[PDB]
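Engineer: This one's experimental. Sequence and coordinates below.
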Protein chains: 10
Amino acid sequence: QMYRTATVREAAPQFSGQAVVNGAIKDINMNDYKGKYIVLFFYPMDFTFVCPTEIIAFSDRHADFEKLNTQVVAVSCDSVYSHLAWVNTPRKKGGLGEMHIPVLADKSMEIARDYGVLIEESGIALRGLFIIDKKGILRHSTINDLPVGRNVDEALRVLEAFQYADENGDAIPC
Amino acid sequence: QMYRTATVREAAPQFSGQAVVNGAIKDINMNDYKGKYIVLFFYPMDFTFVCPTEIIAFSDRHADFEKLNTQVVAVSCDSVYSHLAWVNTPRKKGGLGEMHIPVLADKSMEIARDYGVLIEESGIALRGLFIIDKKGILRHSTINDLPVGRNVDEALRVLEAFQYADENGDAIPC
Amino acid sequence: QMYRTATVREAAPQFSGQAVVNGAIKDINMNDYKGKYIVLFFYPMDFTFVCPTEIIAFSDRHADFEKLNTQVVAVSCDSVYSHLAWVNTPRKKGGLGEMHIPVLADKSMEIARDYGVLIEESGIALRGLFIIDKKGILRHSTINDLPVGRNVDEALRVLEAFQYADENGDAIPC
Amino acid sequence: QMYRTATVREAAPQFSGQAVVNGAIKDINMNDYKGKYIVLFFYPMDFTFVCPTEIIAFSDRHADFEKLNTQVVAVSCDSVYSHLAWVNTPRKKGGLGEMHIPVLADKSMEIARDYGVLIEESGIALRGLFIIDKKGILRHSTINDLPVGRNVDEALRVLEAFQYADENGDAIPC
Amino acid sequence: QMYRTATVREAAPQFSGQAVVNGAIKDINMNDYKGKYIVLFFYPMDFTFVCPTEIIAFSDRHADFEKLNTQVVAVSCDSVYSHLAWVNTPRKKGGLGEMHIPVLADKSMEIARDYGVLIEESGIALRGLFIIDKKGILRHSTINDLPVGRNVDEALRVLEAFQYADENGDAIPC
Amino acid sequence: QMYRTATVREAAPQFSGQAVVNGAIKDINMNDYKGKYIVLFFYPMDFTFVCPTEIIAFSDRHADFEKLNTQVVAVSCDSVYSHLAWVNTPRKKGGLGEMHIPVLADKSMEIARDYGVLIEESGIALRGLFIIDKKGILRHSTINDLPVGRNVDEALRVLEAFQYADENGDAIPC
Amino acid sequence: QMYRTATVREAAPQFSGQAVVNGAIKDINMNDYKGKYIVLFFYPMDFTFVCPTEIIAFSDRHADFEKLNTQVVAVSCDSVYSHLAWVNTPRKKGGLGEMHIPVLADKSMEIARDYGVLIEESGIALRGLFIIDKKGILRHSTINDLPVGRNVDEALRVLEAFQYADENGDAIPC
Amino acid sequence: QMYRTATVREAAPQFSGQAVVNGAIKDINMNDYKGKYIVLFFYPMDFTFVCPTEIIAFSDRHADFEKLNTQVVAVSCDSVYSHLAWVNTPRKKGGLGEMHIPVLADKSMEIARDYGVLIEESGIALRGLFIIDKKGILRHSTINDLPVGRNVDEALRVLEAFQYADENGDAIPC
Amino acid sequence: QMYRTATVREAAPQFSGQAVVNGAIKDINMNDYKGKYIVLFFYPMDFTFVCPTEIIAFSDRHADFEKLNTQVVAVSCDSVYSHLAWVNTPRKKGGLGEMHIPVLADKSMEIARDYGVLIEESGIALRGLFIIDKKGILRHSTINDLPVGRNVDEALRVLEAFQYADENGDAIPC
Amino acid sequence: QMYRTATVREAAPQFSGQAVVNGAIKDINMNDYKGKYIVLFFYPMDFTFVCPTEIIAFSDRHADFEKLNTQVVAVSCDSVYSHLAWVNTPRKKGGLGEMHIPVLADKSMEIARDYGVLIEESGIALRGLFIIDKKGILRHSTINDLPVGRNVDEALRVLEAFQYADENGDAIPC
């Protein structure tokens, strides 16, 4: 209908808004991370009944991203004051105690609309993974459906495979 | 741009979706309440830092509505699994322990868009009160801004003033 | 169809025209009241059979508004020479003897069209209350239907609740 | 912009609404007068400061119209409850005590818009006279401006001149 | 369809073309009469079978217009060489011998189209009277149908009533 | 702009209206002459200063057309009551005493608009000659300008040349 | 559909292209003849079976045009190399031996499209005669159909009648 | 701009009109040749100065086409009466004496417009060759420019190569 | 611009065309695999210089897909006769000797246009992975860029995670 | 739908992209060959089962083009890495060993779309030959269908026939 979303060859549309960094409502922009890579985790709903092992398995692996010159930016289309209550609720309660990831909140749904991972009649974002390299170009579009989950072992395989490639031109010999 | 919103003379657009009734995700429709009146409380954000005295003061006064043949239907543009976590969190924590109101969730934002109480760039609903009489006609549009609050003493004054009037024709002599 | 009306978050459209101030046809503009707040009372018809207790109960309470840095601006879509005949007709006749409120007249119906409180096929304005703060931003949209009435005790509660809030930032702690 | 107004050769658009007949709010339609002629008096404002000799001089001459098979239908774009207060206010006060004319009220301004006698930015109707013969065809368009007045001696000359002509074909020999 | 015609509140569209002044084809424009008033007599057809008492009764009364600072401008949608043959044909033959009025000819029908007095399928102008005051504003729209006639006693009453009013402001006290 | 006018290969648009036949206002249609040919003489103005030798030279030659199975239909965009006054005015006065041609009058200018011989800003028809054969097909378009004239010797040469040809197929051997 | 063709009051559209002058393919433009008049002879087809007496009767009369300050410009929608073969073929063979007329060729059919004498589905030009005076204004539109022919005695009568008139103003007294 | 022309994979648009078959104006249609193949020779101009060896070299080779189940259909955008004069003019004069090919004439230029071989501003067809197989599908589009020529040795090579192929499926093994 | 591509919640657009199954050009449709799942591997170019370990690592793992009720359908926007030459060329030459995957060919580029993995100015498909479940709903959109590669260990993790989930409702408890 | 393709009279649209020159992926543009002529060979598919005698018969005849100041530019809508594998595969295998022609690759299909030789639903180019002279003007459009082939003996006949003609003006005398 418009916008054109975000392609895997062209530049990713920018994202901004309040976010939860280290337990606080701090404004987070895409331009704050220029020079690194950024990895978005759209995940649909807040406080969901599923023990959220998918999102925790990137806060537990956040040390693996600073080795690879990147910052994961988790994101959902729920209220930012609701994400702060979901970081602050302790685990074994459907909680995210001390999550070391900027959990964005596109409660405007202006951004998950842009990335094309929004179910419009449901308002929730499809479980999407988006790697933007430091040029500002979106480079990897992993969009799952709702019931399946993402993986950290593939989001580190592919994310390592760009910087091994883009240093060495654009061809991998082996 | 379209829709036309909901007027105070014409029929209110219908609302539906998952909701929190008595601590459970139960589907709630406008057609389930035909014959009663319905009073919507748009309130912007979930788990907000303000001690939510505005919304609690209708669950504490829910007995005054069954005397007046009506059901209040609180509503916000946040996730329904986030409202369930906000009813379940106990009070003096920014909580709503045992709220006897169907707390809707228009996380699609298809309905607060219709009622014209949505701030589009913020995604949150303006603090709006909407009385629809049993014909399906919207009859009272109280829309505050964000920082001020609603009142139960006016939402019972006006809501009593319809049924005292619509029984006695359409004119009040005193 | 156009105009877009007046929202509760955006700036209110201006109003102007002849009005009844202290029993005289004096031109009254929104820009004459910049710095104060303004409270509009749309009321549908002139010389109506109902003893107009709704409108009188703001002229009797006009001292409560100069304490709160605001001027109520009553308004109807009837002729300004008809409002002057309705202020001049004495009470217990359906009259408004010595009303200390600028009673506007949008007999063009260009303004109650803008505020969205006009019934187009009837020409009369819905019983609407509109609080614009001194920035020019509409901040409270109370629109009743015809047979019910407004209240002075809520239009002083909400109007006090802005200036207590907007002095103290935008959050109320209690 | 649309409508096309009412021409002097084509059929006049119908008029309806509440009106003041003999001091009462009675519904008056054009179809109630089929077979007679109808003579409209648009006059701009209600309770105007001018001693309304223009409108009174047709209630004083209403016997001259039942001799000529016609009913004058005075009309203004003011509220019908305001016309009832203007018939009920006695003369030498800017009043119309016992006016034997159906004083219409197009407070919707849907009809004086159709007849093209409405000043849109002022909302008031130009001082217009409209003779529709019993076929439903508008036949005489006298539209003055505001400060000048109409006449009963011409609105009886022309109105007699139709029925003397339309009985005798369409040509007057002398 | 366009043009918008000429209203009774707005400025009248200009008229020009060849005309019969004192028995000669002389060009006559609206701008030649600025400062006076102008009174148009649309009359439908030339050399009509009716003894044209309507048009003669303004040439016989042309002295009454120079007392009132105005020039009547008779006009028809027939050829200007046909009007000259109709002034030159003597009376008791359907003639207008020595008519002291500029008889215009809008044989283009560009002007009676503008004034809205043209029957398009017949090409003839409705019997219309139009008073434009010296500002260029059309101020009186008397449009009869074909078989009835105009009057000089009303076109002098109304035309005197402007200049008595516009000298004395815009209100007539008696 | 529309209509498409009348071509010399396609069918001529029909013409109708009041006309002067033998000194009387009789309705004349194209369908009244089906089976004959018809020859139109558009001529611009009525009662023109030129001694109208162009039009008279077809009434003087009207016997030559009944030999050739055709009826000339003279036509102008002036009033039909003006043509009757121009047939009735005697010659050596710019007259047409006893003209044996149906002198049409398209005072609507709906037909000379169709044939494309109308000067729109002047309202007068170009001096046009139009031969329609009995199929209803326009077959000859002679359109002069204003100051030059037509001819009877060519309008009989060409008009004879159709029926000599259309009897003998469509080719002339000599 | 567009273009607007060439009228008899407005300026004629220009014509250009290769032509046959004195047996040679020479470029001929309208601007080469400015100051003279130009007379076009559209004729439909080349090498037609009819002994082309219509076109020859202007080459035989070409001396009569240099007396009248004009150049006839014959024209057809056939190839210019086909016109050269039709001038070069001798007479009594359907030929035009030594034709002293610039025989144009609008084989583009861009010009007979402009003059409105083209039968589009047949591609051939209607037998048209067009007199443009030296101002560039088309002044005479004689368009026959196919089987009938033009005349030199009328194309000299009318062409003399312009210059006798346009020297002596625009009116012919006799 | 429209039409879409004729492609080399899709069906060729039909062609019709008068043509020269064996020295006579006989109507020739595409549907008369259904079951054979058809080979069009657009050639630009008639009676051109070039000794037309290109077109003659298919009438001299017309026996080679009846061996290959096809009829060449030469075609030009000149008049059909001009082609008949060009077949009838003897050779060593730029002639085509006894040409055994149906020489079409699209003097309407409706068909060379369809095939896309028309130079619109020149009206002449580009030297085009078009092989339509018996299904009605255009199968070979050889379009030269003007000064170069076609060939019979390639228009027999390709035309043999279809029927050798379409008999043996659609693949040629050697 | 249109199409709308293929979403991760809605139904995937169908794909068809010639393909390489077991070394032969066999037609392969989406409807041939209804009941299974289908996994597409868009890969950009044929015979690329990179030793194509990405595509081989699904033919080597094709036994793991028949255990999971699915058929991988590799696809590229190159010619199907070029894929057959790339399966037939042996390995250590940039070859795919005995690839047990239907290698599609959307050389029309109508399908990789639909799935949104086509670089339009380059014509090559982005390295995309697409899991459609047996309802026909696209369920997983992994789109890499060109230089990085896909993985079989994630395309088996996610593909197992649907059927473990869709058997057990839509929620995974652990 | 747009583009307009490439005509045989107008300028050919430019072509660019990677190509196979002497066994290497070298960028080839139309502007690199300005001053020569260029001859394109669209051929549909790569590695086709037909022993490609059509394309080889221009690499075997490439010496005949440098005598005629031209460079053939073979082109197909297949991948450029697939053409390199098709030059490198030796003959009697469907190969093109040591082809001395720049084999272009419009794998974008932006150029065979422009030249109008693309079958859109098949993606393959029709077997087309295109001679552009050194002005940049397309001058010869030979488009065969798929199963038939081109010829070198005609693509040297026509290509010699331009430069013999364009040196000697534009007419060939013999």
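Structural biologist: That came in fine, so what should we check first? Numbering: from 1, shown residues only, chains lettered A, B, ... in the order given.
Engineer: so what does the top helix by length along chain A touch, helix or strand wise?
Structural biologist: The single longest helix within chain A, with elements called by DSSP state H, is helix A:152-167. Counting contacts by 3 or more CB pairs under 8 Å, 6 or more residues apart in numbering or on different chains; DSSP states H and E, helix A:152-167 packs against strand A:37-42, helix A:53-59, helix A:63-66, strand A:128-132, strand A:138-143, helix I:152-167. From N, CA and C alone the C-beta is placed, and that goes for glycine too.
Engineer: want to throw the ones you listed into CSV with mean neighbour count?
Structural biologist: Shown next, in CSV, are the helices and strands packed on helix A:152-167 (neighbours: other CB atoms under 10 Å in any protein chain shown):
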stretch, mean neighbour count
strand A:37-42, 24
helix A:53-59, 17
helix A:63-66, 14
strand A:128-132, 24
strand A:138-143, 25
helix I:152-167, 17
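Engineer: any chance of those in JSON lines, plus distance to residue I:19?
Structural biologist: Listed next are the helices and strands packed on helix A:152-167 as JSON lines, based on distance: least, CB to CB, whole Å:
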{"stretch": "strand A:37-42", "distance to residue I:19": "34"}
{"stretch": "helix A:53-59", "distance to residue I:19": "35"}
{"stretch": "helix A:63-66", "distance to residue I:19": "40"}
{"stretch": "strand A:128-132", "distance to residue I:19": "30"}
{"stretch": "strand A:138-143", "distance to residue I:19": "25"}
{"stretch": "helix I:152-167", "distance to residue I:19": "19"}
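Engineer: which one of these lies closest to residue I:86?
Structural biologist: Each of those has some distance to residue I:86 by CB to CB; the shortest is helix I:152-167, at 19.8 Å.
Engineer: Identify all contacting residues around that closest one.
Structural biologist: Helix I:152-167 is contacted by residues A:144-145, A:147-149, A:151, A:153-154, A:157, I:37, I:39, I:57-58, I:61, I:64-65, I:68-70, I:129, I:131, I:133, I:139-140, I:142, I:171-172 when judged by CB atoms under 8 Å, 6 or more residues apart in numbering or on different chains.
Engineer: Relative to residue F:119, how far out is the spatially most central residue of chain A?
Structural biologist: Computing the C-alpha centroid of chain A and ranking residues by CA atoms, centre = their mean puts residue A:40 first, at 1.7 Å. With distances taken as CB to CB, to the nearest Å, residue A:40 is found 72 Å from residue F:119.
Engineer: And for residue A:27, the neighbour number?
Structural biologist: Counted by other CB atoms under 10 Å in any protein chain shown, the residues lying close to residue A:27 total 11.
Engineer: Now do the contacts for it.
Structural biologist: Contact analysis of residue A:27 by CB under 8 Å, 6+ apart lists A:16-19.
Engineer: Same check on residue A:116?
Structural biologist: Each residue near residue A:116 by CB under 8 Å, 6+ apart is listed here: A:5-6, A:143, I:7.
Engineer: could you redo the last one with a cut-off of 6 Å?
Structural biologist: Residues counted as contacts of residue A:116 (CB atoms under 6 Å, 6 or more residues apart in numbering or on different chains) are residue A:5.
Engineer: And residue A:143, by the same measure?
Structural biologist: For residue A:143, counting by CB under 6 Å, 6+ apart, the contacting residues are A:117, A:126, A:128, I:8, I:141.
Engineer: Ok, residue A:107 next?
Structural biologist: Contacts of residue A:107 were listed using CB under 6 Å, 6+ apart, and they are A:79, B:123.
Engineer: try it again with 10 Å
Structural biologist: A:17-18, A:76-83, A:123, B:44-46, B:77-79, B:107, B:109, B:122-124 (CB atoms under 10 Å, 6 or more residues apart in numbering or on different chains).
Engineer: now residue A:85
Structural biologist: Shown in contact with residue A:85 (CB under 10 Å, 6+ apart): A:20, A:46-47, A:79, A:95, B:46-48, B:82, B:85-86, B:89, B:93-95.
Engineer: buried subset of the residues you listed?
Structural biologist: A:20, A:46-47, A:79, A:95, B:46-48, B:82, B:85-86, B:89, B:94-95 (16 or more other CB atoms under 10 Å in any protein chain shown).
Engineer: so how many other residues sit close to the closest residue to chain G within chain A?
Structural biologist: Residue of chain A nearest chain G, by CB to the nearest CB: residue A:2 (35.3 Å). Residue A:2 has 5 neighbours, counted by other CB under 10 Å.
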